>>> print(open('my_file_32.txt').read())   # compact mmCIF, C-alpha atoms
# COMPACT_ATOMS: atom_id res chain seq x y z
CA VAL A 1 66.02 -31.20 5.08
CA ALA A 2 62.97 -29.94 3.18
CA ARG A 3 62.05 -27.67 6.18
CA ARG A 4 63.14 -23.96 6.37
CA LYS A 5 63.30 -21.39 9.30
CA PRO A 6 60.31 -19.20 10.44
CA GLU A 7 60.44 -15.89 8.56
CA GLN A 8 56.82 -14.73 8.76
CA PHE A 9 54.13 -14.24 11.43
CA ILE A 10 50.29 -14.35 11.87
CA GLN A 11 48.00 -12.14 13.94
CA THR A 12 45.13 -13.46 16.10
CA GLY A 13 43.63 -10.10 16.85
CA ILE A 14 45.01 -10.06 20.37
CA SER A 15 47.63 -7.94 22.12
CA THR A 16 49.65 -9.84 24.73
CA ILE A 17 50.13 -13.05 22.61
CA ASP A 18 51.28 -11.31 19.41
CA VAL A 19 53.13 -8.22 20.84
CA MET A 20 54.96 -9.61 23.83
CA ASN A 21 55.32 -13.08 22.24
CA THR A 22 55.24 -13.36 18.46
CA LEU A 23 53.28 -16.40 17.06
CA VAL A 24 55.37 -17.13 14.06
CA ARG A 25 55.50 -19.34 10.93
CA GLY A 26 54.72 -22.97 11.57
CA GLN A 27 55.04 -22.56 15.19
CA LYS A 28 53.75 -25.29 17.50
CA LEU A 29 52.53 -23.33 20.66
CA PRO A 30 50.51 -25.26 23.23
CA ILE A 31 47.84 -23.61 25.40
CA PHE A 32 47.71 -25.37 28.66
CA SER A 33 44.24 -24.95 30.10
CA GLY A 34 42.78 -26.08 33.40
CA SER A 35 39.82 -28.03 34.52
CA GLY A 36 36.66 -26.32 35.86
CA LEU A 37 37.29 -23.56 33.39
CA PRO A 38 35.73 -23.50 29.91
CA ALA A 39 38.66 -24.24 27.48
CA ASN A 40 36.31 -24.39 24.50
CA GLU A 41 34.79 -20.80 24.65
CA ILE A 42 38.18 -18.89 25.08
CA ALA A 43 39.21 -20.89 22.04
CA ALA A 44 36.54 -19.80 19.40
CA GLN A 45 36.40 -16.36 20.99
CA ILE A 46 39.70 -15.66 19.31
CA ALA A 47 38.32 -17.23 16.05
CA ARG A 48 36.70 -14.04 14.58
CA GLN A 49 39.37 -11.79 16.24
CA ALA A 50 42.01 -13.59 14.32
CA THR A 51 42.39 -12.16 10.85
CA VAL A 52 46.12 -12.02 9.99
CA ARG A 53 48.11 -8.83 9.69
CA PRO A 54 51.45 -9.20 7.85
CA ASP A 55 50.66 -5.62 6.48
CA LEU A 56 53.65 -4.12 8.23
CA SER A 57 56.01 -6.57 6.40
CA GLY A 58 54.69 -5.82 2.90
CA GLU A 59 52.56 -8.89 2.29
CA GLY A 60 48.70 -9.12 2.07
CA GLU A 61 46.08 -11.53 3.64
CA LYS A 62 45.59 -12.85 0.06
CA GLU A 63 49.12 -14.34 0.26
CA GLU A 64 48.24 -15.29 3.84
CA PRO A 65 44.61 -16.43 3.90
CA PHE A 66 42.66 -17.20 7.03
CA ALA A 67 41.83 -20.86 6.89
CA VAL A 68 40.49 -22.45 10.08
CA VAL A 69 40.64 -26.20 9.97
CA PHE A 70 39.43 -27.47 13.32
CA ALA A 71 39.46 -31.00 14.65
CA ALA A 72 38.25 -31.54 18.26
CA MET A 73 36.88 -34.71 19.71
CA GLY A 74 34.82 -35.58 22.81
CA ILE A 75 32.98 -32.24 23.06
CA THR A 76 29.76 -31.47 24.98
CA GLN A 77 26.30 -31.03 23.33
CA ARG A 78 26.19 -27.22 24.15
CA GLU A 79 29.81 -26.57 23.22
CA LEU A 80 29.55 -28.37 19.82
CA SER A 81 26.71 -25.92 18.90
CA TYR A 82 28.35 -22.94 20.46
CA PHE A 83 31.29 -23.51 18.06
CA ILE A 84 29.20 -23.31 14.70
CA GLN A 85 27.45 -20.16 16.33
CA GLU A 86 30.62 -18.10 16.26
CA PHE A 87 31.34 -18.96 12.67
CA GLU A 88 27.81 -18.39 11.31
CA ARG A 89 27.72 -14.99 13.13
CA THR A 90 29.97 -13.06 10.84
CA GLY A 91 31.52 -14.35 7.46
CA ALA A 92 34.24 -16.91 8.13
CA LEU A 93 32.54 -20.33 7.38
CA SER A 94 33.06 -20.00 3.60
CA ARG A 95 36.84 -20.18 4.16
CA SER A 96 37.09 -22.84 6.86
CA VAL A 97 36.01 -26.49 7.44
CA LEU A 98 34.82 -28.02 10.89
CA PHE A 99 35.24 -31.54 11.98
CA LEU A 100 34.29 -32.44 15.52
CA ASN A 101 33.58 -35.78 16.81
CA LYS A 102 30.80 -35.56 19.44
CA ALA A 103 31.15 -37.22 22.95
CA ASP A 104 28.59 -39.71 21.81
CA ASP A 105 30.23 -40.65 18.60
CA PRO A 106 32.29 -43.92 19.34
CA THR A 107 35.88 -43.93 20.65
CA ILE A 108 37.07 -45.64 17.46
CA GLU A 109 36.11 -42.62 15.23
CA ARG A 110 37.87 -40.26 17.77
CA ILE A 111 41.32 -41.27 16.59
CA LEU A 112 40.84 -41.16 12.78
CA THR A 113 39.05 -37.63 12.85
CA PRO A 114 42.37 -35.74 12.74
CA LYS B 1 44.31 60.48 52.10
CA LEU B 2 43.53 57.00 53.35
CA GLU B 3 40.59 56.77 50.94
CA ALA B 4 42.66 57.07 47.82
CA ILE B 5 44.52 53.96 48.95
CA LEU B 6 41.38 51.94 49.47
CA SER B 7 39.82 52.46 45.97
CA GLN B 8 42.92 50.89 44.41
CA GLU B 9 42.40 47.82 46.59
CA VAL B 10 38.96 46.82 45.08
CA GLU B 11 40.09 47.73 41.65
CA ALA B 12 42.68 45.00 41.71
CA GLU B 13 40.81 42.06 43.20
CA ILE B 14 37.81 42.71 40.83
CA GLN B 15 40.03 42.33 37.78
CA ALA B 16 41.82 39.12 38.96
CA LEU B 17 38.48 37.46 39.65
CA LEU B 18 36.94 38.34 36.24
CA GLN B 19 40.19 37.06 34.42
CA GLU B 20 39.98 33.87 36.44
CA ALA B 21 36.42 33.51 35.53
CA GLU B 22 37.01 34.06 31.89
CA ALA B 23 39.77 31.41 32.17
CA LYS B 24 37.25 28.95 33.35
CA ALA B 25 34.57 30.04 30.66
CA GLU B 26 37.37 29.65 28.06
CA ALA B 27 38.73 26.30 29.40
CA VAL B 28 35.20 24.75 29.54
CA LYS B 29 34.42 25.95 25.98
CA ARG B 30 37.62 24.24 24.81
CA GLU B 31 37.24 20.91 26.66
CA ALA B 32 33.61 20.65 25.54
CA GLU B 33 34.49 21.32 21.90
CA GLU B 34 37.21 18.69 22.05
CA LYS B 35 34.63 16.50 23.74
CA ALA B 36 31.94 16.95 21.13
CA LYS B 37 34.63 16.33 18.48
CA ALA B 38 35.73 13.04 20.07
CA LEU B 39 32.21 11.81 20.50
CA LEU B 40 31.66 12.01 16.67
CA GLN B 41 35.22 10.50 16.05
CA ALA B 42 34.21 7.50 17.99
CA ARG B 43 30.94 7.60 16.04
CA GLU B 44 33.10 7.41 12.84
CA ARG B 45 34.98 4.34 14.14
CA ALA B 46 31.79 2.40 14.99
CA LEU B 47 30.31 2.83 11.49
CA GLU B 48 33.24 1.31 9.75
CA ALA B 49 33.36 -1.69 12.06
CA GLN B 50 29.66 -2.40 11.59
CA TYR B 51 29.84 -2.13 7.74
CA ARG B 52 33.07 -4.06 7.23
CA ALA B 53 31.61 -6.99 9.29
CA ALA B 54 28.26 -6.83 7.67
CA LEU B 55 29.58 -7.00 4.08
CA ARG B 56 31.68 -9.98 4.94
CA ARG B 57 28.61 -11.78 6.44
CA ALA B 58 26.49 -11.19 3.44
CA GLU B 59 29.27 -12.27 1.12
CA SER B 60 29.98 -15.55 2.96
CA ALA B 61 26.21 -16.32 2.91
CA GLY B 62 25.95 -15.81 -0.87
>>> encode(input="my_file_32.txt", output="structure tokens")
Amino acid sequence: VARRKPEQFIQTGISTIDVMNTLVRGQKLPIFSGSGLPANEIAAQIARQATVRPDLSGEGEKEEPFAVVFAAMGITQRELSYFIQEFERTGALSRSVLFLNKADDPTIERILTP
Amino acid sequence: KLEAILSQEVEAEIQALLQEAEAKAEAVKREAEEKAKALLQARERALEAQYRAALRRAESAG
């Protein structure tokens, strides 16, 4: 009863998933991926692309900051380093925190991570 | 005379040709200027991208 309706939106730097289908305020949108396909890359790809644009509504990105809080688990040795690569590329790691429990870090720690 | 007919027949083709060929030498001069123009516009766009990105990188580092 302390929860209100969506009334704002975010922009992930893409076309089809922000024009044709607006990713709104506090939306829970799952991305069903396959197997034999790299989930992980197509993820972080959209990391740097995503910088919000509520410009057109009359609000800044100072009243909508770009904070990436990431919690994976059971990720490969390449992929876990390929993640940090994207971030360290261009400035976006002094406004975000990573957490990512390696596939060689115990199954007990998996759960609490989030 | 038949010959007074014929001289009007060359002077007729040889003006159409030379207007067609100054309507290609105009068209090319336009499309090339608008080309040259757009290839420096695109040059403008690139420079911004590469400077906006760069300043952010060097800020985050510091």
>>> closest_residue(input="my_file_32.txt", among="A:91, A:114, A:26, A:74", to="chain B", atoms="all atoms listed in the file")
A:91
>>> closest_atom_pairs(input="my_file_32.txt", of="chain B", to="chain A", cutoff="9 Å", atoms="all atoms listed in the file", output="Markdown table")
| residue | atom | partner | partner_atom | distance |
| --- | --- | --- | --- | --- |
| B:53 | CA | A:90 | CA | 6.5 |
| B:54 | CA | A:90 | CA | 7.2 |
| B:55 | CA | A:91 | CA | 8.3 |
| B:56 | CA | A:91 | CA | 5.0 |
| B:57 | CA | A:91 | CA | 4.0 |
| B:58 | CA | A:91 | CA | 7.2 |
| B:59 | CA | A:91 | CA | 7.0 |
| B:60 | CA | A:91 | CA | 4.9 |
| B:61 | CA | A:91 | CA | 7.3 |
>>> write_last_selection(input="my_file_32.txt", atoms="C-alpha atoms", output="PDB file, keeping the file's coordinate frame")
ATOM      1  CA  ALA B  53      31.610  -6.990   9.290  1.00  0.00           C
ATOM      2  CA  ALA B  54      28.260  -6.830   7.670  1.00  0.00           C
ATOM      3  CA  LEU B  55      29.580  -7.000   4.080  1.00  0.00           C
ATOM      4  CA  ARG B  56      31.680  -9.980   4.940  1.00  0.00           C
ATOM      5  CA  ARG B  57      28.610 -11.780   6.440  1.00  0.00           C
ATOM      6  CA  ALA B  58      26.490 -11.190   3.440  1.00  0.00           C
ATOM      7  CA  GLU B  59      29.270 -12.270   1.120  1.00  0.00           C
ATOM      8  CA  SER B  60      29.980 -15.550   2.960  1.00  0.00           C
ATOM      9  CA  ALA B  61      26.210 -16.320   2.910  1.00  0.00           C
TER      10      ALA B  61
END
>>> atom_distance(input="my_file_32.txt", atom1="atom CA of residue 20 of chain B", atom2="atom CA of residue 36 of chain B")
24.2 Å
>>> atom_distance(input="my_file_32.txt", atom1="atom CA of residue 52 of chain A", atom2="atom CA of residue 21 of chain A")
15.4 Å
>>> atom_distance(input="my_file_32.txt", atom1="atom CA of residue 44 of chain A", atom2="atom CA of residue 111 of chain A")
22.2 Å
>>> residues_around(input="my_file_32.txt", residues="residue 101 of chain A", least_positions_apart="4", cutoff="12 Å", atoms="all atoms listed in the file", output="ChimeraX atom specification")
/A:70-77,79-80,105-114
>>> closest_residue(input="my_file_32.txt", among="A:51, A:35, A:27, A:96", to="residue 84 of chain A", atoms="all atoms listed in the file")
A:96
>>> residues_around(input="my_file_32.txt", residues="residue 12 of chain A", least_positions_apart="3", cutoff="9 Å", atoms="all atoms listed in the file", output="ChimeraX atom specification")
/A:15,17-18,23,46-53
